[PDB]
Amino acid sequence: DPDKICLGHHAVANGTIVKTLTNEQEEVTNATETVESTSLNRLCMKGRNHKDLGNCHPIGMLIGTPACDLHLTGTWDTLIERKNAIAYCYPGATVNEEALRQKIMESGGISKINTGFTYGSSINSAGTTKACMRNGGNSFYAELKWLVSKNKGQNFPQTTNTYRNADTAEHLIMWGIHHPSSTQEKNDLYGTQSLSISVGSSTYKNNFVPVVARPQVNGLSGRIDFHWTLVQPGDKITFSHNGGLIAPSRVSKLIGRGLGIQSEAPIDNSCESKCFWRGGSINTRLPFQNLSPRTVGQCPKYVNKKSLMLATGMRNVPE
C-alpha cells in the first residue's frame, strides 16, 4: 500500500459574499468594505486655526452687525457658518449677496482699514436705530455711518468723500443706500430735493436713487440695501451724495486662503479631519462614501452604493 502526501488550502465556517466580473454571489474567506456609511456628527478642528461664526453671517463681519462684534477682524484656515445666522439688524439685502458670502468663506482672515471720511456741521454721522441694539442701547452697523441732516426737514449738504487704496493688495469697500418707507420720512431726514448718490472708481461706476410702500420687516417698512466692489491698489473710489448714503467708516481686506464649512454640528478640538459636510466630519481611510454628494476638503468620492466588498482572501470551499 503506497504512502501519500496531499496538498490543500484553508477554509472558514462563516465566509463572505463579494461580486466578481463573472459572479454576483462569490463566497471568499475574508473581505473588507470600500464605501464609508458612518459619519461623526461633529466638526473635527484639531490642528486647525478655526473660527466658529455661530450667530454671525459672514457678510455681517464686513458691515459690523452687533452679532458679529467678536468677528470684525482675525486670521483663520477654517471658517464655519451656521443656520439662520444674522447679517442685517436693520431690514435689507446685498446685491450679489451669494458671490460676497462665497468670497469671504474662501478667505483666511479679514483686516480692517479706516476710510478717514469726515462730514460738515450740518450732517449727523451717529444716526442710530432700535433694530441694531448694542450694550442694551440703540446703535448701528459698526463699519458704516447713517448720514442724516442735524436740522430735521433741512436739505442734506451735497458732500464728496474719496477713499484711496494705499495698500499693495485689493480692498473690499461696502456701502448702503437707505430706501425710506414714505415721502414724509425722506423729506424729514434728507430734505425735499431730488436725491442722487454717485459711486466711481477706475474700474467700477454706478448711480443710486433712494426709491420710496412695502411690508414691515421687524416692524419697519424702511430698507438699507448694501452694495460692494473691489478697489485695486493705488486706485481711488469717490462717493458723491446729497443724502440717503450709508457711508463706510472702514473698508475690508480678505487675506490668504481658508476652508469654508456650512454645518449645524458642534466643534471638537480633540478629533482631526480633512473632510466635512452639513452633518459633520468624515475621517475614513476608505476610498468611497455614500453620506452626501455635498462635501468640502480632501474627501472620499460619493458613490450610489450602500456597500462594495473587496475580497482579501481566496474562494471559501467548505466541508
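From 1 onward, residues are counted along the sequence shown.
J.: Please determine whether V217 lacks coordinates in at least a third of the other PDB entries of this protein that model its flanking residues.
T.: Yes, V217 lacks coordinates in at least a third of the other entries compared.
J.: What size is the break between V212 and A213 in terms of deposited sequence residues left without coordinates: none, 1 to 3, 4 to 9, or 10 or more?
T.: The entry leaves 1 to 3 residues without coordinates here.
J.: So 263-271 or 282-290, which one's hotter by mean CA B-factor in the entry?
T.: Higher mean C-alpha B-factor: 263-271.
J.: Mind pulling up the entry and telling me whether 80-88 or 118-126 has the higher mean Cα temperature factor?
T.: According to the entry, 118-126 carries the higher average C-alpha B-factor.
J.: Out of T203, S149, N165, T229, whose C-alpha atom has the biggest B factor in the entry?
T.: Result of the comparison over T203, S149, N165, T229: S149.
J.: Pick out which of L100, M174, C132, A169 has the highest C-alpha B-factor in the PDB entry.
T.: That would be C132, according to the entry.
J.: Would you mind checking where the Cα B-factor of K51 ranks among the modelled residues of its chain, as the lowest, middle or highest third?
T.: Lowest third - that is where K51 ends up once the chain's C-alpha B-factors are sorted.
J.: If you rank every modelled residue in this chain by C-alpha B factor, which third holds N96: lowest, middle or highest?
T.: Middle third of the chain for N96's C-alpha B-factor.
J.: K253: which third of its chain by C-alpha temperature factor?
T.: Lowest third of the chain for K253's C-alpha B-factor.
J.: Would you mind checking where the Cα B-factor of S111 ranks among the modelled residues of its chain, as the lowest, middle or highest third?
T.: Its C-alpha B-factor belongs to the lowest third of this chain's values.
J.: Where does the C-alpha B-factor of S194 rank in its chain, lowest, middle or highest third?
T.: It falls in the top third of the chain.
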